[PDB]
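Step one of this worksheet: look at the structure below.
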2 protein chains.
Amino acid sequence: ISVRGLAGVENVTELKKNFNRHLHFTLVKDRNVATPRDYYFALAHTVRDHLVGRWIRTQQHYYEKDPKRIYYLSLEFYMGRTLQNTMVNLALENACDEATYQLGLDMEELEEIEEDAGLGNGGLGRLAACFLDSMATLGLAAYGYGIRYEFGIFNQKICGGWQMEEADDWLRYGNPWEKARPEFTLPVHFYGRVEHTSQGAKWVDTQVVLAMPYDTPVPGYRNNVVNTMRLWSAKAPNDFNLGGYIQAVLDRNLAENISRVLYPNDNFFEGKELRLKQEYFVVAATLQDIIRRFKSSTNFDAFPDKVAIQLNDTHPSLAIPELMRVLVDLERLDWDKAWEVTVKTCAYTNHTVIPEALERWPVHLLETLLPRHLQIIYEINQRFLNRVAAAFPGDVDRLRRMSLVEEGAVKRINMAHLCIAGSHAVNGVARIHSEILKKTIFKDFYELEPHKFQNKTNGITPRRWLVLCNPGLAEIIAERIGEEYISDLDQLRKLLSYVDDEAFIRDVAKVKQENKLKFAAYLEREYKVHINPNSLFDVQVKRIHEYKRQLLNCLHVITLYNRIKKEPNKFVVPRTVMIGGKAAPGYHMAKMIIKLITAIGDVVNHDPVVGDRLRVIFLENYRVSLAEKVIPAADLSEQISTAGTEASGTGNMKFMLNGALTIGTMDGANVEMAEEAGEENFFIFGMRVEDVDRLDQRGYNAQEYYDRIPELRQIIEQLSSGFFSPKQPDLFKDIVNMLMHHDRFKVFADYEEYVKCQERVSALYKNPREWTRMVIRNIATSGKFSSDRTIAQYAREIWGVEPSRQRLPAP
Amino acid sequence: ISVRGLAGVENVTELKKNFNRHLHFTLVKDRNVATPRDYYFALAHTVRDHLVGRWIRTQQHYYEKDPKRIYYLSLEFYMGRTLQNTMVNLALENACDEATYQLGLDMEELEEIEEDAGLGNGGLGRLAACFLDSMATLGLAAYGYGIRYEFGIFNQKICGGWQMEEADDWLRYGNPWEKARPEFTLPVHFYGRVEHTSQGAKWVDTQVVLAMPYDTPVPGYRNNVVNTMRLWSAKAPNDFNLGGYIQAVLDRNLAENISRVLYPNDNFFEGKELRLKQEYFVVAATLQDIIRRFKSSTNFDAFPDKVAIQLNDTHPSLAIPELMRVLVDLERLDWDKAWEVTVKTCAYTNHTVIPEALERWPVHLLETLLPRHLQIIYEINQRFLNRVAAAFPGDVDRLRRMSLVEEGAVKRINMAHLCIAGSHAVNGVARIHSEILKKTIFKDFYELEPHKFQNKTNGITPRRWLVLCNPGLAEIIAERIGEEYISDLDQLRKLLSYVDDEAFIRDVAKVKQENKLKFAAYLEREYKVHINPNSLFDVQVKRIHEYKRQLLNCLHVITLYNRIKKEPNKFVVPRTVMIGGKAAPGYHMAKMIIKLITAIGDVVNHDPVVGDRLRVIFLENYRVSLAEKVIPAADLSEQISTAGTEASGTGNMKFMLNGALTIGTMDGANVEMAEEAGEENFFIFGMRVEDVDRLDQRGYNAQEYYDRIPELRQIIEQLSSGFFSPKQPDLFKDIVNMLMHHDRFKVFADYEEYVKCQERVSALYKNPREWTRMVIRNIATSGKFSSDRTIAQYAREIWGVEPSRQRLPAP
Ligand SMILES: O=C(N[C@@H](Cc1ccc(F)cc1)C(=O)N1CCC(O)CC1)c1cc2cc(Cl)ccc2[nH]1
Ligand SMILES: O=C(N[C@@H](Cc1ccc(F)cc1)C(=O)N1CCC(O)CC1)c1cc2cc(Cl)ccc2[nH]1
Ligand SMILES: *Cc1c(COP(=O)(O)O)cnc(C)c1O
Ligand SMILES: *Cc1c(COP(=O)(O)O)cnc(C)c1O
Ligand SMILES: OC[C@H]1O[C@H](O)[C@H](O)[C@@H](O)[C@@H]1O
Ligand SMILES: OC[C@H]1O[C@H](O)[C@H](O)[C@@H](O)[C@@H]1O
């Protein structure tokens, strides 16, 4: 059936009886009243049972061996479903598939019942998840620490072509993968004031909120290692939080609101108090847990030798001043020793350069909520600027530019500057992004401490993003080069010698056609629409953002439609362009773009002259589980952000690994992907970072493009006149206005080159054999983009630990 | 070891391995890091496993056989712990005791870890729990329906002698006994308005709250029957309940607050909207569930033949108009047919006659929250008063007295009148209470429909209240008459022939001494105080209420103290008087009484001259699990409410069954207990109902008693001068003031007779042999107070079903 493992006679028999055991004793059901959800839960428990043993020994192991521990702090962990992932990493997939078959059930149908653990917004959150998988597969003693939101990313509904947000009550039916641990409940403080007494400062009269941990197992790939992802949940103390007795009890929900919902912002900062509370909550509980574990393993001199804390963006940046608070105020270490320790254990990862995404917290907020932390930040700033003054005497302007405190309307703390000053390493997520950080945004810091700056190009895990979602492709690859590539993706290079293999070429093309047929069916099954599986599947799925330019894609789609209407009887390569992604609730322009996409589809999809040559479909509720479905079925991957705006991107790597060709700009990781596959095997177009700068010096004037490109002007006039919105002719006035007068992302500037490039893609598609051979050269060179490579680099160049592919002593 | 069942070799082996299975797979622990709470949970799951099979077949059975179903609606179910109770009813106690012993654990230590399911205030709530146990033991197809409060009765803490309330977060570590069933989630409506259209009225524009059920198994005593207690939990819909996206999500907690906390009022009405919402919530979800089940089993003519709904007090009274709403508005039945059906399926139980406990809801509240129900209530009232007018022509005053609508300051709906009009049966809970209902409070209704009024004297379950909490006494009883009495308490009469048995007399006295020694140890273990186990254990435990007169007990205690101080070297029977119970948070006088008790103990307990002859101890956090501890250790049970105020009482029956003698007034069930044991074997005193009336006609003047009783006057002057409150001399001015000028319960009127009676109790105690022989005559005649008797009466005289002690076909 496939290398989903073996289906042993004894193993299948054991699984079946345990499945029946859980259906009965755990779910209290019998075959006569059990629903598919019951069946899913019986299977989940049966599979979960196989982790317990490994989980206990792995943790037991780390206790005995006492290795250096890696702590990955993130406010997001975009996990998705975990049933299939667990079976894969445990080699149980075929056995469970057989067992359920014999019990008369369809395992695939059961898998669709699991809810996605959508505790993330997009790229940043999914990177943390891929990293967790790689760290376990590489035998690192790593822990993922975050917040257990009871409501993750909202479920997206399209109503009248508009996005509607609906609460993601993912825990409604229960989460079999988490393990509550009330024995490690910790107190977190807020507000209060600072008292300066004889022997040190004291933070008093604070409001207490308890942090209760929930542990989720993270299994490595077939090595018997099971690490932990610890998510904190807010719980109110039962005393004080006890005017009215009834009210006092109902009011407990005020403290517990801290972990209620994930902020739905992607690459956008919103300075709300609740968000700051969430950030301190996760930091305060995590560091107590880290130090407690360390004390078991009081000279904190060896702290950095046993502890590494990785900050995923600046969200958990309060870890720096919190570590100082604990070491100086509680452990009574002298400032300088505490600072040496802090810098040596902390490392920071930057994920974007757009200004609106940078965390700049108003000082009055930190003053009220965390008074002691504000004082420590001021002291850190003081000493840091003294260092700068010494290094660049008289450079008064550099002084204000590098300050962690920004003066102006309202004073603010620049969390990124805080992170650079208190970390021994700072990294970008793609070569171009890391260079841009040194050359622009953090130039002053790089000049001060060049040794701190590094790069760690992102990656994705080949387990979920290949074996799990595309078993067919994984099978034909393994048939030729073996299975060793699953945890050593570089071996994919060996596929280069099959580029002329008539058999391989036919197989690769076959799995893609099967994936497209399956997705096409899913589209009609759960969404009822109908699409032609013979057309080119053009897809752009990611969060809706002006910088990602779903709008540039829209212009091309309209261009295609207009060319068809001009010469109806001319042949054109049929296309099914699918765009999907969620817009943050308060992001007006992004919501306007979603409406534009659905409006274009309303016209195009019902034009008889167009026929089945062009279909515009908006993919509803894009999330991890849906990505696993569309990506393997894609032919063309759209990665068209304005050069210099997408730090790295990861969806791009997912598409490359699954047999889709890429059309994109020289941005983020796109640059390194083309470098690995060869630019001849990539569809690159548009301005490079340098051209964008040149245009900015000159001054970007959209009118110029509108004046010189008839096809462009026709589109804009179609939008303004109401051609795509009959009942509301001026519906899209905002978009047209932005495009013409305030386009920070120069959509028009890349239009001509994009359309031309798209023409070249259509020409290659007309030649199946050659299209497929290029795909093979992409798949064969995607090895570098595995998160196992990324993690091995973080491990060796930042954390100071050696990865290991050694199987743990059985379960 | 005892008739806790057999400890089979195979059974103990099986239990041990399953215990280890759960500790590993369920709790993810190993013997090296498992805490006692883990051990408790492993045992709970092991025992719980033995119910699943029985639960499924019992429910399966009721489906096939299709008997008439009994639905017991209550806003309270005071369950207590359930581990030991489950082992008893399953005959697993000795086997589990052996198994844990061999695993090196103490089962008793593990049992103390379980949290009490305190979803009740006192008597009314505990009656529902005893009833559930009896209904299962009697093979009735019964379902208990209520609300799953996440916070039950508050935990009581004494600070500075004052009561402090603390949230009862009983679900913090999880509840292994409940089973969530999201597949039966039902919608409940609130607010909205009524539209009158062509074919009927419509309730529109309502706010929807979802009701999710949680099922808890209720095992019968060793008959393999397992019934269900279904508790509803409030859940917000994820759409509309989705101004701000974040706010919308945080605001879900407004709808879910409905099931957040139990109102801590005992025999007291508080007309708060949240409470009304809770009442409709449980009624609306329950009736949908009832009708759905009925439709499976559309002529609602047979509805009453298959359905019986028992209303525990007026709390679920909205069931009457809700049943009408559904039948008339949705099922489209004609009014009269719907009314015939409603009356025939509904029955109401009254639990008190004090006016402040009567539910009288303001019309403006029902108008806003349940507009359609208000209309139906008006129509019910209309037709009912027409009936009255026809029966008593011209009796205009009877008309207003019987109205369900009370005019005045604010119009109100008398929920009790609603219940009488819409039920085919109305019952009191003790013979005297039922007579008082007919003679006073509901006299007009009794004259209209005499056939409706009945009595069903309360009872307690002998499983929890004898076998579970007093195995020693249960063992010596069984040694002589067998085990059949456990489900046939009347057989206890056979013990009468052992009243002169020298061996029995010595045994009965022995178990009491052991129980007292054990409790005395527990007191020092968890509360550190020290008490003399040789003294007479004088206890009054129940909710603090003026009508229960903990104050009368206080006066006696002070009298004793004063007599000792007067003649220090005179001998007196040593006593340890223990008073315990919670005061509703807003009940000022009750909280003042708790402070009085602790203040008396502060003086008495530290007076050297008193020595160990008198100790006054206030029992902290009285609840079901504590009752199971004190009751078996008591010698004297205080049931001293003012004649005519305690409807029945049940604590009194618990004490009688466990070998304590009773000192009390001719009130509630006390009357029938003395009647069963013989007044010579009871310590009765004080005014009878008739004497209280006589005093009221005359006019109660406390000053008279103060003027004629020197000992009384001395006490009152001690309270006024600050003798019991040095730092705050006027601390108890409120109590003295009430006692002298506004004592609704005539404490002073029963003082003299009470003290004299107490002297007689002390004299009998001085004669161990005779004290014990009287105890035997009480225990031997307590058979009538088993809830199995009560339930068999409800079954035969109200519900129309026959109980059965037939074992269900194995598990
Ligand atoms: O709670 C039980 N089983 C779990 C089995 C289970 C466990 C985890 C999960 F994610 C889904 C189902 C369950 O259904 N839920 C707990 C977690 C969540 O709140 C949903 C309800 C349970 C079984 C059972 C048997 C008896 Cl006899 C009595 C009470 C019981 N409860
Ligand atoms: O949740 C698990 N077990 C239950 C075992 C259990 C079930 C009911 C109960 F009342 C107490 C304990 C539990 O500890 N809780 C669920 C209910 C409550 O929220 C407390 C935490 C669990 C075991 C386990 C093993 C693995 Cl390998 C992964 C996740 C897991 N979760
Ligand atoms: C991989 C992934 C992303 C990141 O996509 P980019 O195109 O890099 O922005 C976002 N969302 C989901 C659901 C993903 O799987
Ligand atoms: C039995 C019981 C009651 C009822 O006691 P009364 O003396 O009848 O008021 C109250 N609380 C608890 C904990 C009980 O067990
Ligand atoms: O680093 C992980 C991801 O973080 C953010 O989502 C960036 O916008 C994206 O470019 C990057 O791939
Ligand atoms: O009916 C059960 C109980 O209800 C209330 O608590 C009454 O006050 C009490 O007298 C009675 O025993």
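Ordered as shown in the structure tokens, chains take letters A, B, and onward, while each chain numbers its residues from 1 and ligands are numbered from 1 in the order shown.
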Neighbouring residues of residue B:569 were defined as those with any atom within 12 Å, considering only C-alpha atoms; residues of the same chain fewer than 6 positions away were excluded. Please report them as an NGL selection string.
:B and (563 or 609-611 or 613)
Selection export as an mmCIF file, in the first residue's frame, atoms kept: C-alpha atoms:
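Output file result-v3.cif is given in full below:
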```
data_model
loop_
_atom_site.group_PDB
_atom_site.id
_atom_site.type_symbol
_atom_site.label_atom_id
_atom_site.label_comp_id
_atom_site.auth_asym_id
_atom_site.auth_seq_id
_atom_site.Cartn_x
_atom_site.Cartn_y
_atom_site.Cartn_z
ATOM 1 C CA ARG B 563 -22.919 26.975 86.190
ATOM 2 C CA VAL B 609 -11.288 26.237 85.865
ATOM 3 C CA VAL B 610 -13.407 24.585 83.162
ATOM 4 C CA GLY B 611 -10.652 22.148 82.249
ATOM 5 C CA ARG B 613 -15.332 19.424 81.073
#
```
Please produce, as a tab-separated table, a per-residue contact table for chain B versus ligand 1 (criterion: any atom at most 8 Å away, only C-alpha atoms and all ligand atoms considered), showing the nearest atom pair and its distance in Å to one decimal, sorted by chain then residue number.
```
residue	atom	partner	partner_atom_place_in_ligand_line	distance
B:48	CA	ligand 1	27 (Cl)	5.1
B:49	CA	ligand 1	27 (Cl)	5.9
B:50	CA	ligand 1	27 (Cl)	7.1
B:51	CA	ligand 1	27 (Cl)	4.6
B:52	CA	ligand 1	27 (Cl)	3.9
B:53	CA	ligand 1	27 (Cl)	7.6
B:55	CA	ligand 1	27 (Cl)	6.5
B:175	CA	ligand 1	1 (O)	8.0
B:176	CA	ligand 1	31 (N)	5.6
B:177	CA	ligand 1	29 (C)	4.1
B:178	CA	ligand 1	29 (C)	4.3
B:179	CA	ligand 1	31 (N)	3.8
B:180	CA	ligand 1	21 (C)	4.5
B:181	CA	ligand 1	21 (C)	6.9
B:215	CA	ligand 1	29 (C)	7.2
B:216	CA	ligand 1	29 (C)	6.0
B:217	CA	ligand 1	28 (C)	5.9
```
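We find atom CA of residue B:150 and atom CA of residue A:243 to be spaced 20.6 Å apart.
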Close residues to ligand 4 using only C-alpha atoms and all ligand atoms, limit 8 Å, as a ChimeraX atom specification
/B:78,121-124,126-127,540-543,548,581,622-628,639,648-652,654
Which residue, A:321, A:394, A:585, A:722, has the smallest gap to chain B when you use only C-alpha atoms?
A:585
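Inside stretch 415-491 of chain A, the residues DSSP reads as strand (DSSP E or B) when given the backbone are residues 425, 426, 427, 428, 453, 454, 455 and 460 of chain A.
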Within 9 Å of residue B:20, counting only C-alpha atoms, which residues show up once you throw out same-chain ones fewer than 5 positions away? Write them as a list in words, please.
residues 15, 25, 30 and 42 of chain B
Please list as a ChimeraX atom specification every residue within 12 Å of residue B:383, counting only C-alpha atoms and excluding residues in the same chain fewer than 2 positions away.
/B:335-336,339,376-381,385-390,399,403-404,421-422
Compile the residues of chain A that lie within 7 Å of chain B, evaluated using only C-alpha atoms, and express the compilation as a VMD selection string.
chain A and resid 25 28 49 52 166 to 167 173 182 238 to 239 242 245 249 to 250 257 585
Residues just named, written with N, CA and C atoms as a PDB file, in the first residue's frame:
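Generated file (result.pdb):
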```pdb
ATOM      1  N   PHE A  25     -14.859   1.567  26.897  1.00  0.00           N
ATOM      2  CA  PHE A  25     -14.493   2.171  28.173  1.00  0.00           C
ATOM      3  C   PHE A  25     -14.202   3.670  28.200  1.00  0.00           C
ATOM      4  N   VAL A  28     -17.587   5.258  26.037  1.00  0.00           N
ATOM      5  CA  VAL A  28     -18.875   4.739  26.510  1.00  0.00           C
ATOM      6  C   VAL A  28     -19.860   4.611  25.360  1.00  0.00           C
ATOM      7  N   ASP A  49      -1.815   6.026  22.820  1.00  0.00           N
ATOM      8  CA  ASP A  49      -1.277   5.065  23.775  1.00  0.00           C
ATOM      9  C   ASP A  49       0.171   4.679  23.464  1.00  0.00           C
ATOM     10  N   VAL A  52       2.941   7.384  25.106  1.00  0.00           N
ATOM     11  CA  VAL A  52       3.148   7.435  26.555  1.00  0.00           C
ATOM     12  C   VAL A  52       4.494   6.858  26.975  1.00  0.00           C
ATOM     13  N   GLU A 166     -15.683  33.909  12.524  1.00  0.00           N
ATOM     14  CA  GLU A 166     -16.440  33.095  13.448  1.00  0.00           C
ATOM     15  C   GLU A 166     -15.446  32.440  14.401  1.00  0.00           C
ATOM     16  N   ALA A 167     -15.789  32.432  15.688  1.00  0.00           N
ATOM     17  CA  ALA A 167     -14.926  31.876  16.724  1.00  0.00           C
ATOM     18  C   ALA A 167     -14.479  30.457  16.443  1.00  0.00           C
ATOM     19  N   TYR A 173     -15.102  19.628  21.515  1.00  0.00           N
ATOM     20  CA  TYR A 173     -15.253  18.183  21.683  1.00  0.00           C
ATOM     21  C   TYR A 173     -14.097  17.528  22.417  1.00  0.00           C
ATOM     22  N   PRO A 182      -1.733  20.162  36.529  1.00  0.00           N
ATOM     23  CA  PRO A 182      -1.954  21.131  37.620  1.00  0.00           C
ATOM     24  C   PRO A 182      -0.907  21.133  38.743  1.00  0.00           C
ATOM     25  N   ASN A 238      -8.521  31.154  43.791  1.00  0.00           N
ATOM     26  CA  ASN A 238      -9.891  31.109  44.359  1.00  0.00           C
ATOM     27  C   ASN A 238     -10.151  31.938  45.604  1.00  0.00           C
ATOM     28  N   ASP A 239      -9.104  32.555  46.139  1.00  0.00           N
ATOM     29  CA  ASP A 239      -9.231  33.370  47.338  1.00  0.00           C
ATOM     30  C   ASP A 239      -9.666  34.798  47.026  1.00  0.00           C
ATOM     31  N   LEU A 242     -12.023  36.656  45.232  1.00  0.00           N
ATOM     32  CA  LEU A 242     -13.145  36.347  46.117  1.00  0.00           C
ATOM     33  C   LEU A 242     -12.780  36.855  47.527  1.00  0.00           C
ATOM     34  N   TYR A 245     -20.954  38.341  46.383  1.00  0.00           N
ATOM     35  CA  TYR A 245     -20.278  37.054  46.267  1.00  0.00           C
ATOM     36  C   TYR A 245     -20.395  36.489  44.841  1.00  0.00           C
ATOM     37  N   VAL A 249     -17.289  35.747  41.910  1.00  0.00           N
ATOM     38  CA  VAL A 249     -17.039  34.493  41.213  1.00  0.00           C
ATOM     39  C   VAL A 249     -17.113  34.678  39.701  1.00  0.00           C
ATOM     40  N   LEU A 250     -18.109  35.426  39.229  1.00  0.00           N
ATOM     41  CA  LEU A 250     -18.255  35.666  37.790  1.00  0.00           C
ATOM     42  C   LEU A 250     -17.062  36.457  37.266  1.00  0.00           C
ATOM     43  N   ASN A 257      -9.113  35.654  31.031  1.00  0.00           N
ATOM     44  CA  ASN A 257      -9.239  36.136  29.658  1.00  0.00           C
ATOM     45  C   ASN A 257      -7.879  36.250  28.981  1.00  0.00           C
ATOM     46  N   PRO A 585      -9.180  40.858  10.975  1.00  0.00           N
ATOM     47  CA  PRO A 585     -10.471  41.541  11.136  1.00  0.00           C
ATOM     48  C   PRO A 585     -10.476  43.062  10.999  1.00  0.00           C
TER      49      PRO A 585
END
```
Using only C-alpha atoms, determine which residues lie at most 8 Å from residue A:371, disregarding the query and same-chain residues fewer than 5 positions distant; provide the list as a PyMOL selection string.
chain A and resi 191-194+366
Selected residues written out, N, CA, C and O atoms, as a PDB file, in the first residue's frame:
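This went into result24.pdb:
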```pdb
ATOM      1  N   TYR A 191       0.809  44.546  37.534  1.00  0.00           N
ATOM      2  CA  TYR A 191       0.616  45.823  38.223  1.00  0.00           C
ATOM      3  C   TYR A 191       1.513  45.973  39.451  1.00  0.00           C
ATOM      4  O   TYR A 191       2.712  45.714  39.374  1.00  0.00           O
ATOM      5  N   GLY A 192       0.935  46.397  40.574  1.00  0.00           N
ATOM      6  CA  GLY A 192       1.718  46.561  41.791  1.00  0.00           C
ATOM      7  C   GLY A 192       2.618  47.778  41.736  1.00  0.00           C
ATOM      8  O   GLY A 192       2.369  48.702  40.969  1.00  0.00           O
ATOM      9  N   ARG A 193       3.664  47.792  42.553  1.00  0.00           N
ATOM     10  CA  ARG A 193       4.591  48.916  42.567  1.00  0.00           C
ATOM     11  C   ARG A 193       5.957  48.443  43.038  1.00  0.00           C
ATOM     12  O   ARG A 193       6.097  47.305  43.484  1.00  0.00           O
ATOM     13  N   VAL A 194       6.962  49.307  42.938  1.00  0.00           N
ATOM     14  CA  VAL A 194       8.310  48.942  43.352  1.00  0.00           C
ATOM     15  C   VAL A 194       8.778  49.650  44.626  1.00  0.00           C
ATOM     16  O   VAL A 194       8.759  50.882  44.717  1.00  0.00           O
ATOM     17  N   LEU A 366       3.676  49.985  30.120  1.00  0.00           N
ATOM     18  CA  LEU A 366       4.650  49.188  30.865  1.00  0.00           C
ATOM     19  C   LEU A 366       4.794  49.693  32.290  1.00  0.00           C
ATOM     20  O   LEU A 366       5.105  48.941  33.209  1.00  0.00           O
TER      21      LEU A 366
END
```
